[PDB]
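Given next, in structure tokens, is a single chain: the form deposited in one PDB entry.
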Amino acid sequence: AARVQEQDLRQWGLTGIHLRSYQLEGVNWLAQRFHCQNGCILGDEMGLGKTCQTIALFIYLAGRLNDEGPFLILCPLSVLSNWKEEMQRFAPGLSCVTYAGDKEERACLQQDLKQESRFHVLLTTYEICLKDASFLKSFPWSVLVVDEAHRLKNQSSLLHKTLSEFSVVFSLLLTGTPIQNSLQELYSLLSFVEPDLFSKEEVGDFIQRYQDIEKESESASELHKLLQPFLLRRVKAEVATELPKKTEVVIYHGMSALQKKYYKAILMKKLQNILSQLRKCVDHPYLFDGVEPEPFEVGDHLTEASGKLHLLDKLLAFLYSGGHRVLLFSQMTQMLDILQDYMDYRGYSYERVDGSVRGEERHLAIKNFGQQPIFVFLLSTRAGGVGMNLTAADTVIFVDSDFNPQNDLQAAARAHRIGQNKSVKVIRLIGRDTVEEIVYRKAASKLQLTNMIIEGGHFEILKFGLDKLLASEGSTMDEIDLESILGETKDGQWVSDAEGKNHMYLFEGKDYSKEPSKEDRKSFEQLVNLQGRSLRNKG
């Protein structure tokens, strides 16, 4: 079709940002896709500016072919403010209505159904769009934008079925992560995009036809050709150069006395789900209710109760001394509460957006993230790493190492972003000889399944049986790492500049082990099994 230049968007209302070459290519791609089919997937990598491309598409089809109809945007609660700010920053010619609030304000906005194009873009979230689906089923929307569209991974989702029966002309999905965590999830995305072509009945065909795991150019090229007119991925390495590079550094740690005691106790003796209790024990014992000496005061006993917390405090002292602002991600909210109490003790300036905080406190927290010279950024992986711009910090530290790698990847990408100036140093804290190591390796194995397809068509367990060193039932505390902590992290002027005892680098390098000493488990569980005329009234 006809190419769109930057001056067309300049005249048509887009006045904020000067676009980029790949952004302009994406806008033209979106325009031609809108002109010929029903739906697409703008799957650029995180931090490349998908929101700018969608706003440019709105400006285009609102001032070129006069498609003046309503646009619906669905996004998580934490990026609602970002959408609202950028919508009026870049495209102030379109009136945007943030359809949020309690039931009463949403009803008062229900009453504004005068239908005189008083709103061009309606902005809401998943939960609201699922609670008020009936009101949001009576509009002829032209474009439906689902930001962070990897929530539609499961096809039996209520959101999938609810959004499928909408009067949308063009469904646009935004997803930064490599969607292909499993073939069925990618097929669910495709079935949402093109429900007629990709029928839900062909799930078995899609999985069977593409069981290939090697290069296999004969089928890799086939699937690439299949996904040519639907998906559009651009990576920072090939597109967004000249950005400071990120260097992931995984750091190992040991245990503590009571940590080993409870680790072995759960491994031997609610305990219906074992994996959750093991991970809880590795993170911090104090989040068990029965192990606290019930002191209702802060103190210094917190650091020695966990090796992970000890190493974290060492890292935090080093980073604060070196002048580094840091993000902090975790899975369980209890561990975040423990970190918040520790930060309050040590007098660290911290901010906390956690999920189940509120709608507006997140906006205030994001403002303070960058306004004040605040040091610690407390975050939850699922409710903090989904689209917030936190470029002020330059160090991402994971204390969780959750199951699938996409969450951690996108959480890390929250700091490696367009507009970053310093280098980003990703830090992981996984315990040595622990179930955390197995979760990490299982995640790493799951991750390099989508790397294969990208590079080809786009470019005994719960043990971890080295418990012999965990059968010492001591501390195994680290103090030599203090002099090497500058060796792993070479800080220059406000930047981080350019596999031994407790550290390992990540440059697409692998790690493996074969769980040597299960004899400890067997022996200590054998120890575990080692641990007439009745006339009840008379004896």
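Take the two forms, find the largest set of C-alpha atoms that superpose within 1.5 Å, and that set is the rigid core. Just count from 1 along the sequence shown to find any residue number.
What comes next is about the form deposited in another entry, which is not displayed.
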Core-fitted Cα difference of 2 Å or more between the shown form and the other one, single residue among 333, 217, 154, 421:
217
Is the shift of residue 323 between the shown form and the other one large enough to count as movement, that is, does its C-alpha move by 2 Å or more after the core is superposed?
no
Superposing on the rigid core, is the CA of residue 347 displaced by 2 Å or more between the shown form and the other one?
no
Relative to the superposed rigid core, does the CA atom of residue 115 travel 2 Å or more between the shown form and the other one?
yes
Mind checking the CA-CA distance of residue 174 and residue 201 in the other entry? It differs by 3 Å or more from this form, so is it closer or farther?
closer
Once you compare with this form, do the C-alpha atoms of residue 211 and residue 404 lie closer or farther in the other entry, given a change of 3 Å or more?
farther
